[PDB]
file model.cif (mmCIF, N, CA and C atoms)
data_final
#
loop_
_atom_site.label_atom_id
_atom_site.label_comp_id
_atom_site.auth_asym_id
_atom_site.auth_seq_id
_atom_site.Cartn_x
_atom_site.Cartn_y
_atom_site.Cartn_z
N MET A 1 132.19 96.58 104.84
CA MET A 1 132.86 97.14 106.04
C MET A 1 133.99 98.08 105.64
N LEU A 2 133.80 99.37 105.92
CA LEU A 2 134.81 100.38 105.59
C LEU A 2 135.37 101.02 106.86
N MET A 3 134.50 101.24 107.84
CA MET A 3 134.91 101.85 109.10
C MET A 3 134.20 101.18 110.28
N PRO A 4 134.79 100.10 110.82
CA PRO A 4 134.21 99.37 111.95
C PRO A 4 133.87 100.29 113.12
N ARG A 5 133.18 99.74 114.11
CA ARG A 5 132.78 100.51 115.28
C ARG A 5 133.52 100.03 116.53
N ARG A 6 134.82 99.81 116.39
CA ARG A 6 135.64 99.34 117.50
C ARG A 6 137.11 99.68 117.28
N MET A 7 137.59 99.45 116.07
CA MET A 7 138.98 99.74 115.72
C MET A 7 139.27 101.23 115.83
N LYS A 8 140.50 101.56 116.20
CA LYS A 8 140.91 102.95 116.34
C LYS A 8 142.40 103.12 116.04
N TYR A 9 142.73 104.18 115.31
CA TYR A 9 144.12 104.45 114.96
C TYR A 9 144.94 104.81 116.19
N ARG A 10 145.68 103.84 116.71
CA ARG A 10 146.51 104.05 117.89
C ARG A 10 147.93 104.44 117.49
N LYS A 11 148.55 105.30 118.30
CA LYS A 11 149.91 105.75 118.04
C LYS A 11 150.67 105.99 119.34
N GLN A 12 151.96 106.26 119.22
CA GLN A 12 152.80 106.50 120.39
C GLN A 12 152.60 107.92 120.91
N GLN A 13 153.05 108.17 122.14
CA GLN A 13 152.93 109.48 122.75
C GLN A 13 154.26 110.23 122.71
N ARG A 14 154.26 111.39 122.06
CA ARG A 14 155.46 112.21 121.95
C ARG A 14 156.57 111.45 121.22
N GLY A 15 157.55 112.18 120.71
CA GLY A 15 158.65 111.56 120.00
C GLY A 15 159.88 111.39 120.87
N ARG A 16 160.19 112.41 121.66
CA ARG A 16 161.35 112.38 122.55
C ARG A 16 161.15 111.36 123.66
N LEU A 17 162.24 110.99 124.33
CA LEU A 17 162.18 110.03 125.42
C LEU A 17 163.26 110.31 126.45
N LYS A 18 162.85 110.54 127.69
CA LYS A 18 163.78 110.82 128.78
C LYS A 18 164.37 109.54 129.34
N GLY A 19 163.62 108.45 129.23
CA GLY A 19 164.08 107.17 129.74
C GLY A 19 165.32 106.67 129.01
N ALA A 20 165.11 106.03 127.86
CA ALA A 20 166.21 105.51 127.07
C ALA A 20 166.98 106.64 126.39
N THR A 21 168.12 106.99 126.97
CA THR A 21 168.96 108.06 126.43
C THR A 21 170.44 107.71 126.57
N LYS A 22 170.88 106.70 125.83
CA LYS A 22 172.27 106.27 125.86
C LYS A 22 172.96 106.55 124.53
N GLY A 23 173.70 107.66 124.48
CA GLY A 23 174.40 108.02 123.26
C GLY A 23 173.83 109.26 122.61
N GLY A 24 173.25 110.14 123.42
CA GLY A 24 172.67 111.36 122.89
C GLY A 24 173.64 112.53 122.94
N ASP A 25 174.47 112.64 121.92
CA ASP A 25 175.45 113.72 121.85
C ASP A 25 174.77 115.07 121.62
N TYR A 26 175.14 116.06 122.43
CA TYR A 26 174.56 117.39 122.32
C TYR A 26 175.59 118.40 121.84
N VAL A 27 176.75 118.38 122.48
CA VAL A 27 177.83 119.29 122.14
C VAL A 27 179.16 118.78 122.69
N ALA A 28 179.29 118.79 124.01
CA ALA A 28 180.51 118.33 124.66
C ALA A 28 181.71 119.17 124.26
N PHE A 29 182.32 119.83 125.24
CA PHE A 29 183.49 120.68 124.98
C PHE A 29 183.13 121.84 124.05
N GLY A 30 183.72 123.00 124.32
CA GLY A 30 183.46 124.16 123.49
C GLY A 30 182.12 124.82 123.81
N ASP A 31 181.75 125.80 123.00
CA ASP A 31 180.49 126.51 123.19
C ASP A 31 179.45 126.06 122.17
N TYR A 32 179.92 125.70 120.98
CA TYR A 32 179.04 125.24 119.92
C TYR A 32 179.33 123.79 119.56
N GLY A 33 178.44 123.19 118.77
CA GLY A 33 178.63 121.81 118.38
C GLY A 33 177.94 121.47 117.07
N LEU A 34 178.68 120.84 116.16
CA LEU A 34 178.14 120.45 114.87
C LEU A 34 177.58 119.04 114.95
N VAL A 35 176.26 118.93 114.83
CA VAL A 35 175.60 117.63 114.91
C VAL A 35 175.21 117.10 113.54
N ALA A 36 175.28 115.78 113.41
CA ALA A 36 174.91 115.11 112.17
C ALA A 36 173.48 114.59 112.28
N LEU A 37 172.57 115.19 111.51
CA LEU A 37 171.16 114.81 111.53
C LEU A 37 170.89 113.58 110.66
N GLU A 38 171.95 112.97 110.12
CA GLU A 38 171.79 111.80 109.28
C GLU A 38 173.00 110.87 109.41
N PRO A 39 172.77 109.55 109.29
CA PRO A 39 173.85 108.55 109.38
C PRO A 39 174.77 108.58 108.17
N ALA A 40 176.07 108.56 108.41
CA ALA A 40 177.05 108.58 107.33
C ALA A 40 178.42 108.12 107.81
N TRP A 41 179.34 107.95 106.87
CA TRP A 41 180.70 107.51 107.18
C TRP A 41 181.69 108.64 106.94
N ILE A 42 182.21 109.22 108.03
CA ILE A 42 183.17 110.31 107.93
C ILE A 42 184.58 109.78 107.71
N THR A 43 185.20 110.20 106.62
CA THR A 43 186.56 109.77 106.29
C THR A 43 187.58 110.55 107.10
N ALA A 44 188.84 110.11 107.04
CA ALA A 44 189.91 110.77 107.76
C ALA A 44 190.06 112.22 107.31
N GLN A 45 190.02 112.44 106.00
CA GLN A 45 190.15 113.75 105.43
C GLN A 45 189.03 114.68 105.89
N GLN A 46 187.82 114.15 106.00
CA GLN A 46 186.69 114.96 106.42
C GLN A 46 186.93 115.57 107.80
N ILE A 47 187.62 114.82 108.65
CA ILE A 47 187.92 115.29 110.00
C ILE A 47 188.97 116.40 109.99
N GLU A 48 190.08 116.17 109.30
CA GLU A 48 191.16 117.15 109.22
C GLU A 48 190.89 118.20 108.15
N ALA A 49 190.48 117.75 106.97
CA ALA A 49 190.19 118.65 105.85
C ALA A 49 189.19 119.73 106.26
N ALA A 50 188.11 119.31 106.91
CA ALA A 50 187.07 120.23 107.35
C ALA A 50 187.60 121.16 108.44
N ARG A 51 188.38 120.60 109.36
CA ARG A 51 188.95 121.38 110.45
C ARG A 51 189.83 122.51 109.91
N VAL A 52 190.62 122.20 108.89
CA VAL A 52 191.50 123.19 108.28
C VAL A 52 190.71 124.37 107.75
N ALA A 53 189.62 124.08 107.04
CA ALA A 53 188.77 125.12 106.48
C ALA A 53 188.13 125.96 107.58
N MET A 54 187.77 125.31 108.68
CA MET A 54 187.15 126.00 109.80
C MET A 54 188.15 126.88 110.54
N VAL A 55 189.32 126.32 110.84
CA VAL A 55 190.36 127.06 111.54
C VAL A 55 190.74 128.33 110.79
N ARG A 56 190.80 128.23 109.46
CA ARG A 56 191.14 129.37 108.63
C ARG A 56 189.97 130.34 108.52
N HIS A 57 188.76 129.80 108.62
CA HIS A 57 187.55 130.62 108.53
C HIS A 57 187.52 131.68 109.63
N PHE A 58 187.68 131.24 110.88
CA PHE A 58 187.66 132.16 112.02
C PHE A 58 188.66 133.30 111.81
N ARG A 59 188.15 134.45 111.37
CA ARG A 59 188.99 135.61 111.14
C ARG A 59 189.69 136.05 112.42
N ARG A 60 189.03 135.84 113.55
CA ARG A 60 189.59 136.21 114.84
C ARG A 60 190.12 134.98 115.57
N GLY A 61 190.63 134.01 114.81
CA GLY A 61 191.17 132.80 115.40
C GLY A 61 190.10 131.96 116.07
N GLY A 62 190.44 130.72 116.38
CA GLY A 62 189.49 129.83 117.02
C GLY A 62 190.01 128.41 117.16
N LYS A 63 189.38 127.62 118.01
CA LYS A 63 189.79 126.24 118.23
C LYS A 63 188.59 125.30 118.13
N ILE A 64 188.81 124.15 117.49
CA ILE A 64 187.75 123.16 117.32
C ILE A 64 188.08 121.87 118.07
N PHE A 65 187.03 121.18 118.52
CA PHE A 65 187.19 119.93 119.24
C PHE A 65 186.54 118.79 118.46
N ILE A 66 187.34 117.80 118.08
CA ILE A 66 186.84 116.66 117.32
C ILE A 66 186.85 115.39 118.16
N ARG A 67 185.77 114.62 118.06
CA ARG A 67 185.65 113.37 118.80
C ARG A 67 185.56 112.18 117.85
N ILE A 68 185.00 112.41 116.66
CA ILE A 68 184.86 111.36 115.67
C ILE A 68 186.22 110.84 115.21
N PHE A 69 186.34 109.52 115.10
CA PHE A 69 187.58 108.90 114.68
C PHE A 69 187.31 107.71 113.75
N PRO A 70 188.11 107.56 112.67
CA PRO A 70 187.94 106.47 111.72
C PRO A 70 188.34 105.12 112.31
N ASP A 71 187.40 104.17 112.31
CA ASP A 71 187.66 102.84 112.84
C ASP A 71 187.01 101.77 111.97
N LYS A 72 185.75 101.99 111.62
CA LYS A 72 185.01 101.04 110.79
C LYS A 72 185.60 100.98 109.38
N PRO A 73 185.98 99.78 108.91
CA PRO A 73 186.55 99.60 107.57
C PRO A 73 185.66 100.19 106.48
N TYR A 74 186.28 100.61 105.38
CA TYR A 74 185.53 101.19 104.27
C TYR A 74 185.80 100.42 102.98
N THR A 75 184.89 99.53 102.62
CA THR A 75 185.03 98.74 101.41
C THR A 75 183.87 99.00 100.45
N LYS A 76 184.17 99.00 99.15
CA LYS A 76 183.16 99.23 98.13
C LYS A 76 182.66 97.92 97.54
N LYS A 77 182.66 96.87 98.36
CA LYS A 77 182.21 95.55 97.93
C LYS A 77 180.90 95.17 98.61
N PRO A 78 179.84 94.90 97.82
CA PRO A 78 178.53 94.52 98.37
C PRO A 78 178.59 93.22 99.16
N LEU A 79 179.06 92.15 98.51
CA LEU A 79 179.16 90.85 99.15
C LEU A 79 180.62 90.42 99.29
N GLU A 80 180.98 89.96 100.48
CA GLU A 80 182.35 89.52 100.75
C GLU A 80 182.43 88.77 102.07
N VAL A 81 181.37 88.05 102.41
CA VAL A 81 181.32 87.29 103.65
C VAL A 81 181.91 85.89 103.45
N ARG A 82 183.07 85.66 104.06
CA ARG A 82 183.73 84.36 103.95
C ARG A 82 184.07 84.04 102.50
N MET A 83 184.36 85.08 101.72
CA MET A 83 184.70 84.91 100.31
C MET A 83 185.86 85.81 99.92
N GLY A 84 186.82 85.26 99.19
CA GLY A 84 187.97 86.03 98.76
C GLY A 84 189.26 85.22 98.80
N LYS A 85 190.29 85.72 98.12
CA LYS A 85 191.58 85.04 98.08
C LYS A 85 192.53 85.59 99.14
N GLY A 86 191.97 86.27 100.14
CA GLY A 86 192.79 86.83 101.20
C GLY A 86 192.15 88.04 101.85
N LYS A 87 192.18 89.17 101.14
CA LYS A 87 191.60 90.41 101.65
C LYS A 87 191.69 91.52 100.61
N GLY A 88 190.56 92.17 100.35
CA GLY A 88 190.53 93.24 99.38
C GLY A 88 191.19 94.51 99.89
N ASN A 89 191.58 95.39 98.97
CA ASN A 89 192.22 96.64 99.34
C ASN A 89 191.21 97.63 99.89
N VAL A 90 191.32 97.92 101.19
CA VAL A 90 190.41 98.86 101.84
C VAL A 90 190.63 100.28 101.34
N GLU A 91 189.54 101.02 101.17
CA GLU A 91 189.62 102.40 100.70
C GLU A 91 189.66 103.38 101.87
N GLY A 92 190.50 103.08 102.86
CA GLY A 92 190.61 103.94 104.02
C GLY A 92 189.61 103.59 105.10
N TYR A 93 189.62 104.36 106.18
CA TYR A 93 188.71 104.13 107.30
C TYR A 93 187.75 105.30 107.47
N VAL A 94 186.61 105.05 108.10
CA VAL A 94 185.61 106.08 108.33
C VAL A 94 185.04 106.00 109.74
N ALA A 95 184.27 107.02 110.12
CA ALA A 95 183.66 107.06 111.44
C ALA A 95 182.14 107.09 111.33
N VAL A 96 181.51 105.95 111.60
CA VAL A 96 180.06 105.84 111.53
C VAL A 96 179.38 106.83 112.48
N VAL A 97 178.41 107.57 111.96
CA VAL A 97 177.69 108.55 112.75
C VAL A 97 176.18 108.33 112.66
N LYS A 98 175.45 108.88 113.63
CA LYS A 98 173.99 108.74 113.66
C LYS A 98 173.32 110.10 113.85
N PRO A 99 172.03 110.22 113.50
CA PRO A 99 171.29 111.47 113.65
C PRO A 99 171.33 111.99 115.08
N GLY A 100 171.96 113.14 115.27
CA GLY A 100 172.06 113.72 116.60
C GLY A 100 173.44 113.49 117.21
N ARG A 101 174.45 113.38 116.35
CA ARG A 101 175.82 113.14 116.80
C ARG A 101 176.69 114.38 116.58
N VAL A 102 177.28 114.87 117.67
CA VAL A 102 178.15 116.04 117.59
C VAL A 102 179.55 115.64 117.12
N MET A 103 179.85 115.93 115.86
CA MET A 103 181.15 115.59 115.29
C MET A 103 182.16 116.72 115.49
N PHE A 104 181.66 117.93 115.72
CA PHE A 104 182.52 119.09 115.92
C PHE A 104 181.97 120.02 116.99
N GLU A 105 182.82 120.89 117.51
CA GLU A 105 182.43 121.85 118.54
C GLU A 105 183.50 122.92 118.72
N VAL A 106 183.12 124.17 118.50
CA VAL A 106 184.06 125.28 118.63
C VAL A 106 183.77 126.11 119.88
N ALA A 107 184.71 126.99 120.23
CA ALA A 107 184.56 127.85 121.40
C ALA A 107 185.46 129.08 121.29
N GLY A 108 184.94 130.22 121.73
CA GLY A 108 185.71 131.45 121.68
C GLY A 108 185.33 132.32 120.50
N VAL A 109 185.04 131.69 119.37
CA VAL A 109 184.67 132.43 118.16
C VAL A 109 183.24 132.96 118.26
N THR A 110 182.94 133.96 117.44
CA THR A 110 181.61 134.57 117.43
C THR A 110 180.58 133.61 116.84
N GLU A 111 179.30 133.92 117.06
CA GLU A 111 178.22 133.08 116.56
C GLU A 111 178.27 132.98 115.04
N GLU A 112 178.53 134.11 114.38
CA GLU A 112 178.60 134.15 112.92
C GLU A 112 179.77 133.32 112.41
N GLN A 113 180.92 133.45 113.06
CA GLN A 113 182.11 132.71 112.66
C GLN A 113 182.01 131.25 113.07
N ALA A 114 181.43 131.01 114.24
CA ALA A 114 181.28 129.65 114.76
C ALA A 114 180.22 128.88 113.98
N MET A 115 179.07 129.50 113.78
CA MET A 115 177.98 128.86 113.05
C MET A 115 178.39 128.55 111.61
N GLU A 116 179.06 129.50 110.98
CA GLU A 116 179.52 129.33 109.61
C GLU A 116 180.60 128.26 109.53
N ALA A 117 181.60 128.36 110.41
CA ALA A 117 182.69 127.40 110.45
C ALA A 117 182.17 125.98 110.63
N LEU A 118 181.29 125.80 111.61
CA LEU A 118 180.71 124.49 111.88
C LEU A 118 179.95 123.98 110.65
N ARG A 119 179.39 124.91 109.89
CA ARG A 119 178.64 124.56 108.69
C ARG A 119 179.59 124.15 107.56
N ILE A 120 180.73 124.83 107.47
CA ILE A 120 181.72 124.53 106.44
C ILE A 120 182.13 123.06 106.51
N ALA A 121 182.23 122.54 107.72
CA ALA A 121 182.61 121.15 107.93
C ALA A 121 181.52 120.21 107.41
N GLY A 122 180.27 120.52 107.76
CA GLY A 122 179.16 119.70 107.32
C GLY A 122 178.85 119.88 105.85
N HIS A 123 179.29 121.00 105.28
CA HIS A 123 179.06 121.29 103.87
C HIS A 123 179.66 120.20 102.99
N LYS A 124 180.85 119.74 103.36
CA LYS A 124 181.54 118.70 102.60
C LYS A 124 181.17 117.31 103.11
N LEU A 125 180.25 117.24 104.07
CA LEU A 125 179.82 115.96 104.63
C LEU A 125 178.72 115.35 103.77
N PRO A 126 178.55 114.02 103.84
CA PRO A 126 177.54 113.31 103.07
C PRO A 126 176.19 113.26 103.78
N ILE A 127 176.02 114.11 104.78
CA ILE A 127 174.77 114.16 105.54
C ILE A 127 174.48 115.58 106.03
N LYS A 128 173.26 115.79 106.50
CA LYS A 128 172.85 117.11 106.99
C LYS A 128 173.34 117.34 108.42
N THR A 129 173.80 118.56 108.68
CA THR A 129 174.30 118.92 110.00
C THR A 129 173.90 120.35 110.35
N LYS A 130 173.66 120.61 111.63
CA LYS A 130 173.26 121.94 112.08
C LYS A 130 174.11 122.41 113.26
N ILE A 131 174.13 123.72 113.48
CA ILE A 131 174.91 124.30 114.58
C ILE A 131 174.07 124.38 115.85
N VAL A 132 174.68 124.03 116.97
CA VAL A 132 173.98 124.07 118.25
C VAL A 132 174.95 124.41 119.38
N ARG A 133 174.47 125.21 120.33
CA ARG A 133 175.28 125.61 121.47
C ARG A 133 175.38 124.49 122.49
N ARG A 134 176.32 124.63 123.42
CA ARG A 134 176.51 123.64 124.47
C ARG A 134 175.17 123.28 125.10
N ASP A 135 174.53 122.27 124.54
CA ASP A 135 173.25 121.80 125.01
C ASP A 135 172.16 122.84 124.78
N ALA A 136 172.18 123.43 123.59
CA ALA A 136 171.22 124.45 123.22
C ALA A 136 170.33 123.95 122.08
N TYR A 137 169.17 123.40 122.42
CA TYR A 137 168.27 122.88 121.41
C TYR A 137 166.87 123.46 121.53
N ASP A 138 166.47 124.25 120.54
CA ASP A 138 165.15 124.87 120.54
C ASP A 138 164.19 124.11 119.62
N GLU A 139 162.90 124.31 119.83
CA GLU A 139 161.88 123.64 119.03
C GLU A 139 161.81 124.25 117.63
N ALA A 140 161.48 123.42 116.64
CA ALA A 140 161.38 123.87 115.26
C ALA A 140 159.93 124.06 114.85
N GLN A 141 159.47 125.30 114.84
CA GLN A 141 158.10 125.61 114.47
C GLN A 141 157.89 125.42 112.97
#
call {"tool": "encode", "arguments": {"input": "model.cif", "output": "structure tokens"}}
result
Amino acid sequence: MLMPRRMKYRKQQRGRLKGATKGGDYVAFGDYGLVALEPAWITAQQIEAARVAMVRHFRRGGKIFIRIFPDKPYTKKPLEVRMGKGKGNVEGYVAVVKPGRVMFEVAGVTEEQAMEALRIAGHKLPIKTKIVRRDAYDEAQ
């Protein structure tokens, strides 16, 4: 028996879903928005450090809107559940992100300056990020 006469490769229909859509960041505020296509932990510096590079990038000035904030503890210890002599030294705080999360968003600046600036922030990020307009998402051929 290699190929029965009843079984069939079944799969889901389409990838997107209009029903369950709780937490789908697109842009929010501004004209553009930097989305994180991968899960990662954004440090405090990544938020300000990246913003500084972006603000300076805009040759014709510009303003950025940040929503991500460090809250989730950042420890380099694999196991530490109910174990320890008190509490280990935390290596700062980070902001957990997921694929499709707008961590940044600019407005007023040109597409070239905005797209590049938004990229500069993701350049130093530990995940992939792309530029998108206020709810501007096209298909990828």
call {"tool": "select_by_dssp", "arguments": {"input": "model.cif", "residues": "chain A", "states": "strand (DSSP E)", "output": "PyMOL selection string"}}
result
chain A and resi 32-36+40-43+63-64+72-73+93-97+101-104+106-107+129-133
call {"tool": "write_last_selection", "arguments": {"input": "model.cif", "atoms": "N, CA and C atoms", "output": "PDB file, in the frame of the given file"}}
result
ATOM      1  N   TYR A  32     179.920 125.700 120.980  1.00  0.00           N
ATOM      2  CA  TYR A  32     179.040 125.240 119.920  1.00  0.00           C
ATOM      3  C   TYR A  32     179.330 123.790 119.560  1.00  0.00           C
ATOM      4  N   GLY A  33     178.440 123.190 118.770  1.00  0.00           N
ATOM      5  CA  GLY A  33     178.630 121.810 118.380  1.00  0.00           C
ATOM      6  C   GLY A  33     177.940 121.470 117.070  1.00  0.00           C
ATOM      7  N   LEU A  34     178.680 120.840 116.160  1.00  0.00           N
ATOM      8  CA  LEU A  34     178.140 120.450 114.870  1.00  0.00           C
ATOM      9  C   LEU A  34     177.580 119.040 114.950  1.00  0.00           C
ATOM     10  N   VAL A  35     176.260 118.930 114.830  1.00  0.00           N
ATOM     11  CA  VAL A  35     175.600 117.630 114.910  1.00  0.00           C
ATOM     12  C   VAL A  35     175.210 117.100 113.540  1.00  0.00           C
ATOM     13  N   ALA A  36     175.280 115.780 113.410  1.00  0.00           N
ATOM     14  CA  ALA A  36     174.910 115.110 112.170  1.00  0.00           C
ATOM     15  C   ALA A  36     173.480 114.590 112.280  1.00  0.00           C
ATOM     16  N   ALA A  40     176.070 108.560 108.410  1.00  0.00           N
ATOM     17  CA  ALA A  40     177.050 108.580 107.330  1.00  0.00           C
ATOM     18  C   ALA A  40     178.420 108.120 107.810  1.00  0.00           C
ATOM     19  N   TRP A  41     179.340 107.950 106.870  1.00  0.00           N
ATOM     20  CA  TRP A  41     180.700 107.510 107.180  1.00  0.00           C
ATOM     21  C   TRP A  41     181.690 108.640 106.940  1.00  0.00           C
ATOM     22  N   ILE A  42     182.210 109.220 108.030  1.00  0.00           N
ATOM     23  CA  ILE A  42     183.170 110.310 107.930  1.00  0.00           C
ATOM     24  C   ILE A  42     184.580 109.780 107.710  1.00  0.00           C
ATOM     25  N   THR A  43     185.200 110.200 106.620  1.00  0.00           N
ATOM     26  CA  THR A  43     186.560 109.770 106.290  1.00  0.00           C
ATOM     27  C   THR A  43     187.580 110.550 107.100  1.00  0.00           C
ATOM     28  N   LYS A  63     189.380 127.620 118.010  1.00  0.00           N
ATOM     29  CA  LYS A  63     189.790 126.240 118.230  1.00  0.00           C
ATOM     30  C   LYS A  63     188.590 125.300 118.130  1.00  0.00           C
ATOM     31  N   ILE A  64     188.810 124.150 117.490  1.00  0.00           N
ATOM     32  CA  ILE A  64     187.750 123.160 117.320  1.00  0.00           C
ATOM     33  C   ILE A  64     188.080 121.870 118.070  1.00  0.00           C
ATOM     34  N   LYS A  72     185.750 101.990 111.620  1.00  0.00           N
ATOM     35  CA  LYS A  72     185.010 101.040 110.790  1.00  0.00           C
ATOM     36  C   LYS A  72     185.600 100.980 109.380  1.00  0.00           C
ATOM     37  N   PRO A  73     185.980  99.780 108.910  1.00  0.00           N
ATOM     38  CA  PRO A  73     186.550  99.600 107.570  1.00  0.00           C
ATOM     39  C   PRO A  73     185.660 100.190 106.480  1.00  0.00           C
ATOM     40  N   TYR A  93     189.620 104.360 106.180  1.00  0.00           N
ATOM     41  CA  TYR A  93     188.710 104.130 107.300  1.00  0.00           C
ATOM     42  C   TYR A  93     187.750 105.300 107.470  1.00  0.00           C
ATOM     43  N   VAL A  94     186.610 105.050 108.100  1.00  0.00           N
ATOM     44  CA  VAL A  94     185.610 106.080 108.330  1.00  0.00           C
ATOM     45  C   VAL A  94     185.040 106.000 109.740  1.00  0.00           C
ATOM     46  N   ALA A  95     184.270 107.020 110.120  1.00  0.00           N
ATOM     47  CA  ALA A  95     183.660 107.060 111.440  1.00  0.00           C
ATOM     48  C   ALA A  95     182.140 107.090 111.330  1.00  0.00           C
ATOM     49  N   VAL A  96     181.510 105.950 111.600  1.00  0.00           N
ATOM     50  CA  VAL A  96     180.060 105.840 111.530  1.00  0.00           C
ATOM     51  C   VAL A  96     179.380 106.830 112.480  1.00  0.00           C
ATOM     52  N   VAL A  97     178.410 107.570 111.960  1.00  0.00           N
ATOM     53  CA  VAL A  97     177.690 108.550 112.750  1.00  0.00           C
ATOM     54  C   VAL A  97     176.180 108.330 112.660  1.00  0.00           C
ATOM     55  N   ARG A 101     174.450 113.380 116.350  1.00  0.00           N
ATOM     56  CA  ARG A 101     175.820 113.140 116.800  1.00  0.00           C
ATOM     57  C   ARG A 101     176.690 114.380 116.580  1.00  0.00           C
ATOM     58  N   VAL A 102     177.280 114.870 117.670  1.00  0.00           N
ATOM     59  CA  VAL A 102     178.150 116.040 117.590  1.00  0.00           C
ATOM     60  C   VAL A 102     179.550 115.640 117.120  1.00  0.00           C
ATOM     61  N   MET A 103     179.850 115.930 115.860  1.00  0.00           N
ATOM     62  CA  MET A 103     181.150 115.590 115.290  1.00  0.00           C
ATOM     63  C   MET A 103     182.160 116.720 115.490  1.00  0.00           C
ATOM     64  N   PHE A 104     181.660 117.930 115.720  1.00  0.00           N
ATOM     65  CA  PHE A 104     182.520 119.090 115.920  1.00  0.00           C
ATOM     66  C   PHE A 104     181.970 120.020 116.990  1.00  0.00           C
ATOM     67  N   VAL A 106     183.120 124.170 118.500  1.00  0.00           N
ATOM     68  CA  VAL A 106     184.060 125.280 118.630  1.00  0.00           C
ATOM     69  C   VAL A 106     183.770 126.110 119.880  1.00  0.00           C
ATOM     70  N   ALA A 107     184.710 126.990 120.230  1.00  0.00           N
ATOM     71  CA  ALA A 107     184.560 127.850 121.400  1.00  0.00           C
ATOM     72  C   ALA A 107     185.460 129.080 121.290  1.00  0.00           C
ATOM     73  N   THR A 129     173.800 118.560 108.680  1.00  0.00           N
ATOM     74  CA  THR A 129     174.300 118.920 110.000  1.00  0.00           C
ATOM     75  C   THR A 129     173.900 120.350 110.350  1.00  0.00           C
ATOM     76  N   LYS A 130     173.660 120.610 111.630  1.00  0.00           N
ATOM     77  CA  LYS A 130     173.260 121.940 112.080  1.00  0.00           C
ATOM     78  C   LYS A 130     174.110 122.410 113.260  1.00  0.00           C
ATOM     79  N   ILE A 131     174.130 123.720 113.480  1.00  0.00           N
ATOM     80  CA  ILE A 131     174.910 124.300 114.580  1.00  0.00           C
ATOM     81  C   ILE A 131     174.070 124.380 115.850  1.00  0.00           C
ATOM     82  N   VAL A 132     174.680 124.030 116.970  1.00  0.00           N
ATOM     83  CA  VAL A 132     173.980 124.070 118.250  1.00  0.00           C
ATOM     84  C   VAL A 132     174.950 124.410 119.380  1.00  0.00           C
ATOM     85  N   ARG A 133     174.470 125.210 120.330  1.00  0.00           N
ATOM     86  CA  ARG A 133     175.280 125.610 121.470  1.00  0.00           C
ATOM     87  C   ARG A 133     175.380 124.490 122.490  1.00  0.00           C
TER      88      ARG A 133
END
call {"tool": "atom_distance", "arguments": {"input": "model.cif", "atom1": "atom C of residue 24 (chain A)", "atom2": "atom C of residue 101 (chain A)"}}
result
7.3 Å
call {"tool": "resolve_selection", "arguments": {"input": "model.cif", "expression": "the PyMOL selection byres ((chain A and resi 112-115) around 8)", "output": "PyMOL selection string"}}
result
chain A and resi 32-33+54+57-60+106-111+116-120+130-132
call {"tool": "write_last_selection", "arguments": {"input": "model.cif", "atoms": "N, CA and C atoms", "output": "short mmCIF file (atom, residue, chain, number, x, y, z; two decimals), in the frame of the given file"}}
result
data_model
loop_
_atom_site.label_atom_id
_atom_site.label_comp_id
_atom_site.auth_asym_id
_atom_site.auth_seq_id
_atom_site.Cartn_x
_atom_site.Cartn_y
_atom_site.Cartn_z
N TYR A 32 179.92 125.70 120.98
CA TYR A 32 179.04 125.24 119.92
C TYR A 32 179.33 123.79 119.56
N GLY A 33 178.44 123.19 118.77
CA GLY A 33 178.63 121.81 118.38
C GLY A 33 177.94 121.47 117.07
N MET A 54 187.77 125.31 108.68
CA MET A 54 187.15 126.00 109.80
C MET A 54 188.15 126.88 110.54
N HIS A 57 188.76 129.80 108.62
CA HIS A 57 187.55 130.62 108.53
C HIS A 57 187.52 131.68 109.63
N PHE A 58 187.68 131.24 110.88
CA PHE A 58 187.66 132.16 112.02
C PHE A 58 188.66 133.30 111.81
N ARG A 59 188.15 134.45 111.37
CA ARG A 59 188.99 135.61 111.14
C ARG A 59 189.69 136.05 112.42
N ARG A 60 189.03 135.84 113.55
CA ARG A 60 189.59 136.21 114.84
C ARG A 60 190.12 134.98 115.57
N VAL A 106 183.12 124.17 118.50
CA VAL A 106 184.06 125.28 118.63
C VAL A 106 183.77 126.11 119.88
N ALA A 107 184.71 126.99 120.23
CA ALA A 107 184.56 127.85 121.40
C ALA A 107 185.46 129.08 121.29
N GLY A 108 184.94 130.22 121.73
CA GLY A 108 185.71 131.45 121.68
C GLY A 108 185.33 132.32 120.50
N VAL A 109 185.04 131.69 119.37
CA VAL A 109 184.67 132.43 118.16
C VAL A 109 183.24 132.96 118.26
N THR A 110 182.94 133.96 117.44
CA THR A 110 181.61 134.57 117.43
C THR A 110 180.58 133.61 116.84
N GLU A 111 179.30 133.92 117.06
CA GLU A 111 178.22 133.08 116.56
C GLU A 111 178.27 132.98 115.04
N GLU A 116 179.06 129.50 110.98
CA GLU A 116 179.52 129.33 109.61
C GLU A 116 180.60 128.26 109.53
N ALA A 117 181.60 128.36 110.41
CA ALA A 117 182.69 127.40 110.45
C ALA A 117 182.17 125.98 110.63
N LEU A 118 181.29 125.80 111.61
CA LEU A 118 180.71 124.49 111.88
C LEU A 118 179.95 123.98 110.65
N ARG A 119 179.39 124.91 109.89
CA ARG A 119 178.64 124.56 108.69
C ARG A 119 179.59 124.15 107.56
N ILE A 120 180.73 124.83 107.47
CA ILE A 120 181.72 124.53 106.44
C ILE A 120 182.13 123.06 106.51
N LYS A 130 173.66 120.61 111.63
CA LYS A 130 173.26 121.94 112.08
C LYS A 130 174.11 122.41 113.26
N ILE A 131 174.13 123.72 113.48
CA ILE A 131 174.91 124.30 114.58
C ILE A 131 174.07 124.38 115.85
N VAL A 132 174.68 124.03 116.97
CA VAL A 132 173.98 124.07 118.25
C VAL A 132 174.95 124.41 119.38
#
call {"tool": "closest_residue", "arguments": {"input": "model.cif", "among": "A:42, A:95, A:50, A:136", "to": "residue 121 (chain A)", "atoms": "all atoms listed in the file"}}
result
A:50
call {"tool": "closest_residue", "arguments": {"input": "model.cif", "among": "A:87, A:23, A:18, A:125", "to": "residue 46 (chain A)", "atoms": "all atoms listed in the file"}}
result
A:125
